[PDB]
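Visitor: My questions all concern the structure below.
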Amino acid sequence: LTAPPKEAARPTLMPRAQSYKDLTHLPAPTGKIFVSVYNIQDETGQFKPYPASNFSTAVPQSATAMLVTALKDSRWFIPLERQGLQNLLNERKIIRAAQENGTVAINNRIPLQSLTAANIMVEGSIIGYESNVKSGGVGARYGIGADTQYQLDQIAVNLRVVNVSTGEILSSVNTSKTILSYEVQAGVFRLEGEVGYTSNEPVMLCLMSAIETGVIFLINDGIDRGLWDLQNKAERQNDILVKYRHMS
Amino acid sequence: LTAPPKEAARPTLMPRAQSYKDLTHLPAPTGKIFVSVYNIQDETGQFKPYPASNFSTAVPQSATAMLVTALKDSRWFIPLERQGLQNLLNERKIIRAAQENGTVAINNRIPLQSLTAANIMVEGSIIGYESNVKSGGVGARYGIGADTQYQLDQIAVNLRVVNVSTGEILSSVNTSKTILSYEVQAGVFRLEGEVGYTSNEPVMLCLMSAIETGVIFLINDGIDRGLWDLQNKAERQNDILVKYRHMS
Amino acid sequence: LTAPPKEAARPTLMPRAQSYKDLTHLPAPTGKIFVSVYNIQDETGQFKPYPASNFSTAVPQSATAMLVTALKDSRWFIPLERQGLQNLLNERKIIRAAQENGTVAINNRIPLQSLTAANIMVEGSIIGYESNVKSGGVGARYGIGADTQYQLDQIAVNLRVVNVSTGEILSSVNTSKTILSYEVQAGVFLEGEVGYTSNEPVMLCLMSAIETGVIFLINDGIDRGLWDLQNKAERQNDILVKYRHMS
Amino acid sequence: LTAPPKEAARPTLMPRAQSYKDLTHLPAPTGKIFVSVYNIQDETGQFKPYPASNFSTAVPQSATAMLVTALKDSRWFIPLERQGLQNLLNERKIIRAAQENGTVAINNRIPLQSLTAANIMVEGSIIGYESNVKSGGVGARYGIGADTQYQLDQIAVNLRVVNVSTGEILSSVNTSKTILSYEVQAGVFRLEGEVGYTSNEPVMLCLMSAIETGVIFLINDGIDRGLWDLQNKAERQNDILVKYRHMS
Amino acid sequence: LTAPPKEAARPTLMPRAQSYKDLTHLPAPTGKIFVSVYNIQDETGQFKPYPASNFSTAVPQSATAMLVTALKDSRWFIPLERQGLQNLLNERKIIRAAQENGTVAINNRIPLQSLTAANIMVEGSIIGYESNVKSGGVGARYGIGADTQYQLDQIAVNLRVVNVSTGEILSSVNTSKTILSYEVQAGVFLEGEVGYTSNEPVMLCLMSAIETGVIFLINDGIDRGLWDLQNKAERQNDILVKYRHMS
Amino acid sequence: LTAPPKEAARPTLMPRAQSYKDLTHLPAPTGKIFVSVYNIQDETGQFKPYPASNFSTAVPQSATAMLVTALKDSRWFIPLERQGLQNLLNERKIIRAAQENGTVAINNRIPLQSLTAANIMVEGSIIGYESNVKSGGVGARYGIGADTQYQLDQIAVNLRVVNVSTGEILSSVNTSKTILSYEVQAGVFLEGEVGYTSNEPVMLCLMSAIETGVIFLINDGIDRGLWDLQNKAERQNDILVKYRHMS
Amino acid sequence: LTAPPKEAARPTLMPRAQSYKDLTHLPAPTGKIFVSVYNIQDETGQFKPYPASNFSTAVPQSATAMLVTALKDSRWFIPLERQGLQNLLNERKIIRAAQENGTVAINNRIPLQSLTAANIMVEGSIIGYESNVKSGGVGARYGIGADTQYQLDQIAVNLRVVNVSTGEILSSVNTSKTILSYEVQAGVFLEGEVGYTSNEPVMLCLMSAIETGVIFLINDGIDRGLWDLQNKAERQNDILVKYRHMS
Amino acid sequence: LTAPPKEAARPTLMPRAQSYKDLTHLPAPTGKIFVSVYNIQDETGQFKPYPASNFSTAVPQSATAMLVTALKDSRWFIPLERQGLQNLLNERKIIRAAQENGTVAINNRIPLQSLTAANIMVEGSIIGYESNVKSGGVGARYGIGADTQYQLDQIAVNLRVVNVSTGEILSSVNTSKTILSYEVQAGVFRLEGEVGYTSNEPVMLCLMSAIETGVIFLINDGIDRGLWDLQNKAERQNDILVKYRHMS
């Protein structure tokens, strides 16, 4: 017992909640749409307070990938790879250099085709993280005591569809989500005995949720405006679609 | 006794656990697949809090190599070397400069062949590390006392298969893993006597686990979608494959 | 007493332990293999806590050289110099500029030959240093008291053989090693106190783990038919079967 | 006494000890060897703790010059100046620009000759400085008391001979050295009276020592491997040479 | 008295001590030698501790100019200006631009010749500054008390003669010097307290050690036949045999 | 009242003391000499301790302009403007662009002349600022008490004359100066306290020391035959023999 | 009353005092002189101590604009805009691009003329800010108490006239000014306290000192025959003889 | 109440006071003058003290836009956009690229005209912000007590009219303004009870005020010097104009 500790808990796939369930069970379009995401920035401006590192950002710098993933899980869009475009072009250079002489083995040959191109691209930004937007606490001691304290933070996300052919923005949407934190404590004193518990929502998981939500609002907005069309016109009054229609 | 101390405990090869055991005992495909990994970034945005150095990242900057290693241990993929591509090209310059004159000794000669080229390349990102996502404690003193305290952190990883020939992302997956920490303490007072113990999961090792898990979900997903196929069709209902199928 | 203090303890050559002993007494191949190391990075991300300098890395930035050295001590590989390749090429410029006119003295002349070229090159990384991965302590006082406390840290290293002729990685290996620290202390209370503290060198753990990695790479290569033993009878070598067993 | 103070203690030449004595009294080769040192880096990664400046390195950045000096003192090698190569080439420009017209005075003329070129060049690194690798203390008080405390640190150095004509490393060596520190203290109490003394080894001096040692191991290794040869073959069993042979 | 304060003390020329006195009274060579100093770096790696600014170096960055000055005071070398070479070339551009048309007044005319060139150039480095290499203190109180405390630091310097015509280093030398500090203090306890503290200037120690180095370089060059003494009878000069003895 | 306060005390011209008085009353040469100063650096390496800003230098970065001013006040040298040479060349571009077409008004016309060029240029460096080189204090309390405390710092300057025509340094000089600080305090204990504290301006010491250096440079040049006095009878000038004596 | 508070005090034009009054009522020259100011730097090297931001300079970086303004207020000089020259050239590019086709409306047309060019340019530097150059305090308590404390700081400015046609500096001047601060306090002890504190604006001292410098420059130029007075009878002007007397 | 809090107070347009009122009710010229503002810098050199961020400037970096706005509100000047010139030239590139082929729809067509050019341009700087230039406090206690404290800070601004046709500065002006702060406080003790209030002037708003004032002084100065002329010469003795004339 000086070698390392062993794994506590298993790797699960990412715990997405309600937003995800809505996003997945969306009625499919007449064909999946080709989409590009280049970058969604942490335009928030915000870092963690003491005792965090000066450099610890308040929000993960991973929004871009979450958006591309949400655009895929919806089963409306095929995402074309542009976040790592440089590497993609490099592999293609190596391929073309490999097989240009027609020696490369017919089984091993990779057939190359122009890079599939998108019609609409969607970009956006993490547009604020305010911290302790609300907070409170209640405690009593009489020697026996308890108390809770809570804080909550905000996070907002812009997503927006841009038309490649024109540069007209075809849709802008602004979603928001609250991050909950709380601390429960109880202690008995005369003999001392204490129980304490604290829970923070993962900012990483709230970001993800809000991006999904945004993607839904984008699809619904595009349906209304005639960007894309449902397979079943009868499915216009889908529970999910009318729910997000109602939030507008 | 002012010269150095000698090694307490041995170098072991790196302690991988369950994810590994699943990843290795996966039923083999009809042939390997050629894969390229250029870079997986610490997109997390996060550093360690006081008293760590301001610059100590919360997560190791080593994900790329872990992925390549997991892709190899699975016995589904041959990884091609692109992380250090520049050096590879340099050694090949030196080779070609050596033997271009046909003086170099026939035993010593290195035969050069175009760089083996990948069909799918997989990239991803460490997409969040939230800290003390949960925490708690229980203690009593009566003069004799004990207490435990625990905290746990999150880490998530995106991996995604990109088709070189198109740019279509063929698969995105989002895995997550929890890092456990705890502190047990007991003391007797009258005469004082104290015992304490504290254990942290290695973030290092949780990252590695989660990347392995991701690789499995990628393979299984590819099997479903007809990217690649099994040697034994009878092995479709493999324990491992149905376990990850079930987690989707 | 403004003359300096003089050397307490002698320069020894660097105290390598078990990994080294295994690595040296390895059964030799049919010929030594030409290898290149360009760079092994401190991919760890980690610095020392207060009261260290903010900028003090947790791990030495010297892994590259340790690997080259380990590759040499094994007596399987000749390492070719690429870490300082630029200087090498510069000295070769100066040479060629010296003797191009055929005035340079025949005794002094340096004969120049194309740079010896490697077939496999091996790179890697320091993947991780986690700190106080475990820790503990036990202490009691009664006028008389004692206590020990211990902490231990982790370090891991990737090494991997890449084939120059294809880019195929021919082997990846992931080794790990634990750095031990402890503090023993006793006091009688007349007061009298004895204390002692010992830290493993992170330096020396890095070096150990890299040696271990080199062995696993050789053994792996033997299995996969990259290279072959002089004596096929020496396949069941104690060391080779020990590392075979760890796999 | 508001003008300055005058010099307490004198400039000596730099206090080298045992390593130096061994290095100097080495049996001479058949001819001195031409050597180049370009740079030996502080690959250690380490800075001083509080109360040092954040920027104070733990090790002096001066290893290069110490190695060149050690290579000279040995009376085996002529070091060719490459650390400041740029300035050398500049003075040679100024020379050539001076006397190209054949006006310059024959007494003043500087005759220029191609830059003397090395056959082997040796480079290396300061690999590691670990701090308080060991430590301890012993103290007792009875009105009268004393105590000592000690710490020691490690430092390691790679040197390696590279063959210019191939790039083959012809020798790698790894030397190490310990830096001692201690604090002695005594106090009498009833009347108080206290005496204290503290001594630190210079890290400066330990670095220098270890580099010398390395140079010896390099020469001895080269003798064995047939890089260079002794004037007197009878001097193979030299006390110093067999001492360093034994450490191998 | 809210305008400024007036001058306390006068500027003296810079208080050099023993090294200087030796360096000046050195027996002159057959002719002065032409020498170039480009740069001597603070290769020490060291800064001042709290409460100094983080950025205050432990050693002045001025060693280059000190060496040039020492090389001059010795009356063996003429130093050629290279530390500010760029400006020198600019002033020469402005000259040549002035008088190229032959209008410039003959009284005002500056005659130009391409730059005087050195044969040997000497470079070096501040190798190392260790701090509180030794320290101590003694104090007693009985109503009446006193105490002293002292610390001392080290500093070292490489200088080396390089031959322009080959790049061969013709001499390397390694000098060292200790910086003294002390604090005397007394109090009677009615309370009354007196204190005094003195630090050696690091500045001045650096300068001293560089001078010493220059001497060792000249003496070494005499031995090795770089340069020759006017009076061969002055080989056994007190100073020369003193530094010969230190070798 | 909450708009600003108005100015208390007047701008005086800059309070130079003894060095200045010596420098001005120097016997004039046969003609003034043309001189260039490009830059004199704060080669000191030193910043102010806590609570100063981390970035507050210990010495003003203004030495270059002080030296030029000193060189002018001496009435030996005409300084040519090189510190802001770039702007000078720009204004001259604007001039030439103005009047190249011969429309510009004859009253307004600026006649352009090649840039007057220097023969010797002098450069140097602030070599060193050591702090609390000495310090002390004396205090006594009996209900009634007083005390003083003093500290002093060092500052040194290299100046050197470089010959444009050759690059030979024609003179190097090394001047030094001490900065005084003190704190007087008295208190009666009813409590009542009076305090006062005075620091020499580091500014004003730097200036003084540069003037002194300029004098030593002129005197040295007189000896070495760089330049000559109008009245050879004035060789034994009080000032000149005073600085001759300090050498 | 959660929207903002309204303006307490009105914007006045900037409170300049004595220097200004002297500078304005100066007897006018035969014609105004054309001047260029490119840049006057904060060569001071100094920042504010804790609790100021580490980056707060001790002196405003604004000296250039102050100098230009002073040069204008004197009614001796027309300043030409060089501190934003790049924008000036841009607007002129836009103009020329507007009207080159001869469509632009005759009312709207901007007639372009070569950039008016200066004959002398003046540049300088904020040379030094020393802080608490002097300080003191006096306080007594008996239940009832009072105290004052004062500190004062120094600031110096170089200005110098440079001749465009030659690069000869035609005048250098070195002005200085003291910044006053004080804190008065009284308390009765029922407790009751009154306090007041007043600092001179460093801003305003800088401006005052630059004005003063401009006057010394004009007076110096009058003496040296750079420029001439309209009324030679006004040589003995009160202001001119006052500044003549300070020299 | 874990969603966000709602807006307390309405967005008003920006609360400008006396300077503004003077600036607006200025007698109009014979025609508006074309003006350019490129940049007015925070030449002040000053940051906020602890506990502000080290990087928080004392003065807003926004002076440029305030000056352009003041120049517009005066109804003497048309400001031409140069602060964002680059974007302006970019849009014009896109325009010219859009309609060069004469396909673009006649309704949609944008007619392009050379960039309107200025005759005078005015630039300046925030010259200084000194803090607590004055301060004071008065407090008295009897069980019951009160106190006030006040501080005030300074800010100055240079504006100057430069003639494009020459580079002659046609006017320089130097305005200044004081920022007021105070803290009133009262407490009763035996039972404790405390009331406090604190008011700071916005530095923002003082800057804006002072810039307006500067613009007026510039116009009045230009009227005197014959740069521009009043519509009604009878309006020379305007209340506002004679007020600012008097301040000169």
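Starting from 1 in every chain, residues are counted up; chains themselves are A, B, ... following the order of the structure tokens, and ligands are numbered from 1 as listed.
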Give me, as a PyMOL selection string, all polymer residues having an atom no more than 12 Å from residue 60 of chain E, counting only C-alpha atoms and skipping those fewer than 6 positions away in the same chain.

Guide: (chain E and resi 40-48+66+126+129+155+201-207) or (chain F and resi 42-47+125-130+155-156)

Visitor: At a cut-off of 9 Å, which residues of chain A touch chain H? Count only C-alpha atoms and give the answer as a ChimeraX atom specification.

Guide: /A:133-134,152-154,177-180

Visitor: Please produce an output containing C-alpha atoms for each residue in the selection, written as a PDB file, in the first residue's frame.

Guide:
```pdb
ATOM      1  CA  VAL A 133     -26.557  35.669  -9.267  1.00  0.00           C
ATOM      2  CA  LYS A 134     -28.570  34.566  -6.253  1.00  0.00           C
ATOM      3  CA  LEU A 152     -26.605  29.975  -8.101  1.00  0.00           C
ATOM      4  CA  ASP A 153     -24.860  31.212 -11.230  1.00  0.00           C
ATOM      5  CA  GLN A 154     -25.948  32.018 -14.788  1.00  0.00           C
ATOM      6  CA  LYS A 177     -29.147  28.159 -17.857  1.00  0.00           C
ATOM      7  CA  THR A 178     -28.682  28.349 -14.088  1.00  0.00           C
ATOM      8  CA  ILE A 179     -25.989  26.451 -12.158  1.00  0.00           C
ATOM      9  CA  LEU A 180     -27.088  25.332  -8.662  1.00  0.00           C
TER      10      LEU A 180
END
```

Visitor: If I take atom CA of residue 233 of chain F and atom CA of residue 73 of chain F, how far is one from the other in Å, to one decimal?

Guide: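 Here the two named atoms are 22.6 Å from each other.
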
Visitor: Pick out the residues sitting within 9 Å of residue 70 of chain G, and hand them over as a list in words; count only C-alpha atoms, and ignore anything fewer than 3 positions along from it in its own chain.

Guide: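 The contact residues come out as residues 20, 23, 65, 66, 67, 73, 74, 207, 210, 211 and 214 of chain G.
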
Visitor: Only residues of chain G matter here; which ones have an atom within 7 Å of chain F, counting only C-alpha atoms? Give them as a ChimeraX atom specification.

Guide: /G:9,17,38,43-50,54,114-119,127-128,130,133-142,156,162,164-169,172,174-178,180,200,208-209,212

Visitor: Hey, can you spit out that residue selection with C-alpha atoms as a PDB file, in the first residue's frame?

Guide:
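This is the output file part.pdb:
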```
ATOM      1  CA  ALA G   9     -18.601  70.759  -9.365  1.00  0.00           C
ATOM      2  CA  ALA G  17      -1.050  78.752 -11.990  1.00  0.00           C
ATOM      3  CA  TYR G  38       7.469  64.167 -31.567  1.00  0.00           C
ATOM      4  CA  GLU G  43      12.086  58.271 -18.534  1.00  0.00           C
ATOM      5  CA  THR G  44      11.457  58.255 -14.710  1.00  0.00           C
ATOM      6  CA  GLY G  45      11.333  54.522 -14.096  1.00  0.00           C
ATOM      7  CA  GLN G  46       8.916  54.736 -11.314  1.00  0.00           C
ATOM      8  CA  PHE G  47       5.595  53.337 -10.253  1.00  0.00           C
ATOM      9  CA  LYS G  48       3.261  53.838  -7.320  1.00  0.00           C
ATOM     10  CA  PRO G  49       3.733  51.745  -4.205  1.00  0.00           C
ATOM     11  CA  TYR G  50       1.208  49.456  -2.558  1.00  0.00           C
ATOM     12  CA  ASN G  54       1.632  47.500  -9.759  1.00  0.00           C
ATOM     13  CA  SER G 114       2.545  70.424 -48.487  1.00  0.00           C
ATOM     14  CA  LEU G 115       2.932  69.709 -44.794  1.00  0.00           C
ATOM     15  CA  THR G 116       4.183  72.857 -43.048  1.00  0.00           C
ATOM     16  CA  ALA G 117       7.702  72.057 -41.827  1.00  0.00           C
ATOM     17  CA  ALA G 118       9.455  72.982 -38.666  1.00  0.00           C
ATOM     18  CA  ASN G 119      12.909  74.548 -38.274  1.00  0.00           C
ATOM     19  CA  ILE G 127      13.967  62.764 -15.789  1.00  0.00           C
ATOM     20  CA  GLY G 128      13.164  61.353 -12.401  1.00  0.00           C
ATOM     21  CA  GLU G 130      11.799  60.546  -6.308  1.00  0.00           C
ATOM     22  CA  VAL G 133      12.259  63.168  -0.624  1.00  0.00           C
ATOM     23  CA  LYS G 134      11.344  64.800   2.647  1.00  0.00           C
ATOM     24  CA  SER G 135       8.772  64.036   5.307  1.00  0.00           C
ATOM     25  CA  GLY G 136       7.786  64.834   8.877  1.00  0.00           C
ATOM     26  CA  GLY G 137       5.104  64.758  11.544  1.00  0.00           C
ATOM     27  CA  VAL G 138       4.093  66.406  14.810  1.00  0.00           C
ATOM     28  CA  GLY G 139       1.373  65.110  17.145  1.00  0.00           C
ATOM     29  CA  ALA G 140       0.332  65.319  20.785  1.00  0.00           C
ATOM     30  CA  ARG G 141      -2.381  63.799  22.916  1.00  0.00           C
ATOM     31  CA  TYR G 142      -3.177  64.821  26.478  1.00  0.00           C
ATOM     32  CA  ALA G 156      12.417  66.862 -13.030  1.00  0.00           C
ATOM     33  CA  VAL G 162      17.450  70.650 -31.582  1.00  0.00           C
ATOM     34  CA  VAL G 164      16.848  70.410 -37.775  1.00  0.00           C
ATOM     35  CA  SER G 165      19.349  71.769 -40.177  1.00  0.00           C
ATOM     36  CA  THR G 166      22.328  70.302 -38.260  1.00  0.00           C
ATOM     37  CA  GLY G 167      21.396  68.155 -35.363  1.00  0.00           C
ATOM     38  CA  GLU G 168      23.234  70.555 -33.062  1.00  0.00           C
ATOM     39  CA  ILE G 169      21.283  70.811 -29.870  1.00  0.00           C
ATOM     40  CA  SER G 172      19.237  72.025 -23.077  1.00  0.00           C
ATOM     41  CA  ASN G 174      16.730  70.955 -16.642  1.00  0.00           C
ATOM     42  CA  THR G 175      13.713  72.062 -14.502  1.00  0.00           C
ATOM     43  CA  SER G 176      12.508  70.591 -11.207  1.00  0.00           C
ATOM     44  CA  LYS G 177       9.452  70.822  -8.983  1.00  0.00           C
ATOM     45  CA  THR G 178       8.313  69.559  -5.620  1.00  0.00           C
ATOM     46  CA  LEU G 180       3.524  68.658  -1.490  1.00  0.00           C
ATOM     47  CA  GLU G 200      -0.710  68.307  -4.874  1.00  0.00           C
ATOM     48  CA  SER G 208       3.992  73.747 -14.244  1.00  0.00           C
ATOM     49  CA  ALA G 209       7.551  72.510 -14.618  1.00  0.00           C
ATOM     50  CA  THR G 212       8.876  76.925 -16.740  1.00  0.00           C
TER      51      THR G 212
END
```

Visitor: Give me the residues within 7 Å of residue 23 of chain B as JSON, numbers by chain, counting only C-alpha atoms and dropping any in the same chain fewer than 6 places off.

Guide: {"B": [74, 212, 216]}

Visitor: Report, in Å to a single decimal, how far apart atom CA of residue 240 of chain D and atom CA of residue 24 of chain D are.

Guide: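 Distance between the two atoms: 10.4 Å.
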
Visitor: Excluding same-chain residues fewer than 3 positions from residue 223 of chain H, what lies within 12 Å of it counting only C-alpha atoms, as a ChimeraX atom specification?

Guide: /H:27-30,76,170-171,216-220,226-231,233,235-236,241,245

Visitor: Counting only C-alpha atoms, which residues in segment 31-148 of chain A sit no more than 9 Å from segment 42-59 of chain B? For each one, give the nearest pair of atoms and the distance in Å, sorted by chain then residue number, as CSV.

Guide:
```
residue,atom,partner,partner_atom,distance
A:50,CA,B:50,CA,7.8
A:51,CA,B:50,CA,5.2
A:52,CA,B:49,CA,4.0
A:53,CA,B:54,CA,4.8
A:54,CA,B:54,CA,6.4
A:55,CA,B:47,CA,6.7
A:56,CA,B:46,CA,4.5
A:57,CA,B:45,CA,5.4
A:58,CA,B:45,CA,8.0
A:59,CA,B:45,CA,7.3
A:60,CA,B:44,CA,5.2
A:61,CA,B:43,CA,5.3
A:62,CA,B:43,CA,5.6
```

Visitor: Taking only C-alpha atoms into account, which of A:155, A:18, A:92, A:164 comes nearest residue 206 of chain A?

Guide: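 With only C-alpha atoms as the atom set, the closest residue is A:155.
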
Visitor: Do you have the atom CA of residue 148 of chain B-atom CA of residue 184 of chain B distance handy?

Guide: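 Between atom CA of residue 148 of chain B and atom CA of residue 184 of chain B the gap works out to 4.4 Å.
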
Visitor: Leaving out residue 208 of chain A and any residue of its chain fewer than 5 positions from it, which residues lie within 8 Å of it when counting only C-alpha atoms, given as a list in words?

Guide: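 Near residue 208 of chain A, the qualifying residues are residues 16, 63, 66 and 67 of chain A.
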
Visitor: Go ahead and save the residues from that selection, with N, CA, C and O atoms, as a compact mmCIF listing (two decimals), in the first residue's frame.

Guide:
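Printed below is selection-v1.txt as written:
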```
# COMPACT_ATOMS: atom_id res chain seq x y z
N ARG A 16 -26.00 13.32 -20.06
CA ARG A 16 -26.88 14.38 -20.58
C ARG A 16 -28.27 14.12 -20.11
O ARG A 16 -28.65 12.95 -19.95
N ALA A 63 -17.14 24.35 -25.89
CA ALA A 63 -18.45 24.57 -26.49
C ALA A 63 -18.59 24.08 -27.96
O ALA A 63 -19.63 23.51 -28.36
N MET A 66 -19.23 20.43 -28.24
CA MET A 66 -20.53 20.13 -27.68
C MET A 66 -21.60 20.48 -28.71
O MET A 66 -22.58 19.71 -28.90
N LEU A 67 -21.42 21.61 -29.40
CA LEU A 67 -22.39 22.00 -30.41
C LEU A 67 -22.41 21.00 -31.58
O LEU A 67 -23.50 20.62 -32.05
```

Visitor: List every residue of segment 86-115 of chain G that DSSP, applied to the backbone, labels as alpha helix (DSSP H), and write the result as a ChimeraX atom specification.

Guide: /G:86-99

Visitor: What's around residue 38 of chain D at 9 Å? Count only C-alpha atoms, leave out sequence neighbours fewer than 6 positions away in its own chain, and write the answer as a JSON list (two decimals) with N, CA, C and O atoms, in the first residue's frame.

Guide:
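Just written: out.json:
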```json
[["chain", "number", "residue", "atom", "x", "y", "z"],
["C", 87, "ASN", "N", 23.65, 22.07, -34.01],
["C", 87, "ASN", "CA", 25.07, 22.28, -33.72],
["C", 87, "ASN", "C", 25.96, 21.35, -34.51],
["C", 87, "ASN", "O", 27.09, 21.68, -34.88],
["D", 64, "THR", "N", 27.86, 25.37, -19.46],
["D", 64, "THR", "CA", 28.59, 25.33, -20.71],
["D", 64, "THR", "C", 30.03, 25.76, -20.50],
["D", 64, "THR", "O", 30.96, 25.09, -20.96],
["D", 81, "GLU", "N", 36.04, 27.77, -29.75],
["D", 81, "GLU", "CA", 35.04, 28.72, -29.21],
["D", 81, "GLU", "C", 33.85, 28.77, -30.13],
["D", 81, "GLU", "O", 33.95, 29.22, -31.27],
["D", 82, "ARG", "N", 32.76, 28.20, -29.62],
["D", 82, "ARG", "CA", 31.48, 28.20, -30.32],
["D", 82, "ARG", "C", 30.37, 28.84, -29.49],
["D", 82, "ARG", "O", 29.38, 29.30, -30.05],
["D", 83, "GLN", "N", 30.54, 28.96, -28.18],
["D", 83, "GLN", "CA", 29.50, 29.63, -27.38],
["D", 83, "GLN", "C", 29.28, 31.07, -27.86],
["D", 83, "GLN", "O", 28.16, 31.52, -28.01],
["D", 84, "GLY", "N", 30.35, 31.77, -28.18],
["D", 84, "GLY", "CA", 30.18, 33.11, -28.70],
["D", 84, "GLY", "C", 30.52, 33.24, -30.17],
["D", 84, "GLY", "O", 31.15, 34.23, -30.57],
["D", 85, "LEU", "N", 30.15, 32.24, -30.98],
["D", 85, "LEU", "CA", 30.68, 32.12, -32.35],
["D", 85, "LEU", "C", 30.35, 33.35, -33.19],
["D", 85, "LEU", "O", 31.18, 33.79, -34.01],
["D", 121, "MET", "N", 32.31, 16.66, -30.86],
["D", 121, "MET", "CA", 31.76, 17.70, -30.03],
["D", 121, "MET", "C", 30.97, 17.07, -28.92],
["D", 121, "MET", "O", 30.41, 15.96, -29.06],
["D", 122, "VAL", "N", 31.01, 17.69, -27.76],
["D", 122, "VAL", "CA", 30.38, 17.11, -26.58],
["D", 122, "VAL", "C", 29.34, 18.07, -26.09],
["D", 122, "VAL", "O", 29.63, 19.22, -25.81],
["D", 123, "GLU", "N", 28.12, 17.57, -25.94],
["D", 123, "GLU", "CA", 27.06, 18.36, -25.31],
["D", 123, "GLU", "C", 26.41, 17.58, -24.20],
["D", 123, "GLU", "O", 26.65, 16.37, -24.03]]
```

Visitor: Only residues of chain B matter here; which ones have an atom within 6 Å of chain C, counting only C-alpha atoms? Give them as a ChimeraX atom specification.

Guide: /B:11-14,51-53,56-57,60-62,79-81,95,98,112-113,115-116,191-200,204

Visitor: Name the residues of segment 21-242 of chain F that come out as strand (DSSP E) in a backbone DSSP run; write them as a count of residues only.

Guide: 81
